[PDB]
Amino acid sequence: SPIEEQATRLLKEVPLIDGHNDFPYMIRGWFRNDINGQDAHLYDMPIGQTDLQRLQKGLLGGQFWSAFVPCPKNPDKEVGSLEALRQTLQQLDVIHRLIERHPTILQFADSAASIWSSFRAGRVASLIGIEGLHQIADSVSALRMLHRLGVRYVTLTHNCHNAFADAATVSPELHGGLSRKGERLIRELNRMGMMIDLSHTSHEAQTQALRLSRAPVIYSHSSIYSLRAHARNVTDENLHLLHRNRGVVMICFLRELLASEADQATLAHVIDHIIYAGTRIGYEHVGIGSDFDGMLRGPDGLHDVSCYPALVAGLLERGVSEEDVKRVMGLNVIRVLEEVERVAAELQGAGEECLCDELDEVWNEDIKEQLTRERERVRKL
């Protein structure tokens, strides 16, 4: 078929970069992050929508791998918050080991340039995101260290309220959008060069974040509200504010977000949602955000990671131009990451003050007097 050969050529020309895949959490579920001697199973998994053979088969160019851990469920709220931080380091650890043990398939990337060089080499560009600010345990210092470990986006919430923002699926609201701490964190996220992800956040939290952010943001896995009403889908108001922000909505394959009856969801529905967004806010602000392995079953025609060529062929078949399809595949998300880096370098170059954690005093006044007296004794020598 000429349309299938066209799709194959496009997948070789530019990288298809998917916004969200929870394959690392499946490895925690199935292997408990012990991948020693499991190469055969990693290439041909007995569960889930992702493995290394099917990842090659679908011709995917890049992937933001999710370092998701669940919302804290402990009655002791201090323990649960701190537990999520330790679990986050476990998930980042298994992601890095997964990449390092399979360098012919996966190559780590943390920038627009590292995505391209990975793609030139024939590797799946392997980026990282965390899915909820509950994962940082109220520590902005921890956030900056997660950035140093390779994290390049932060979903502001999962399905739980935190100190910074409101999740979509939980009622009643806590902050009514972003908190006072949340507003201040947006500045710090822009300053450090961390891409903001608005999937899972409430409609009001999206509106406030889209006005306040000095860099373009993403929805790593969300769909369109006007086609299917859900708390997790993006309203026409927020799509318009995404346009002004210069961000990208990466369209989701979740069946519940594409149709009222989940078993009726299809490849065609995903293409409808892409075309809706592209028509109304331009094809330079739309992406692909599967959420593979964040679901049991996918839509008809998008059952696993091998099915990306069918999506590309489908978009071309509806009359979306090559240039616009290339944008949706990956160019748009690369641009956002590029702009997030440029804004961070500009703010860091101007010498903007970083956000610091509120720490307890470790010394009393007696200790501080001893230290000052000691310093002046040394000055006399």
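All residue numbers are counted from 1 along the displayed sequence.
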### Query
Mean C-alpha B-factor higher for 273-281, or for 260-268?
260-268
### Message
Can you tell me whether 42-50 has a higher mean C-alpha B factor than 58-66 in this record, or the other way round?
### Response
42-50
### Query
If you check the C-alpha B-factor for each of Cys71, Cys307, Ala125, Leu146 in the entry, which is highest?
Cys71
### Task
Check the PDB entry and point out which of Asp291, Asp166, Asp197, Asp93 has the largest C-alpha temperature factor.
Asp166
### Task
Sort the modelled residues of this chain by their C-alpha B factor and say whether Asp236 lands in the lowest, middle or highest third.
middle
### Query
What third of its chain's C-alpha B-factors does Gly182 belong to: lowest, middle or highest?
highest
### Cα B factor band for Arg28 (lowest, middle or highest third within the chain)
middle
### Task
Tell me, lowest, middle or highest third: where does the Cα B factor of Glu204 rank within its chain?
highest
### Task
Name the third of the chain's ranked CA B-factors that contains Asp110, choosing lowest, middle or highest.
lowest
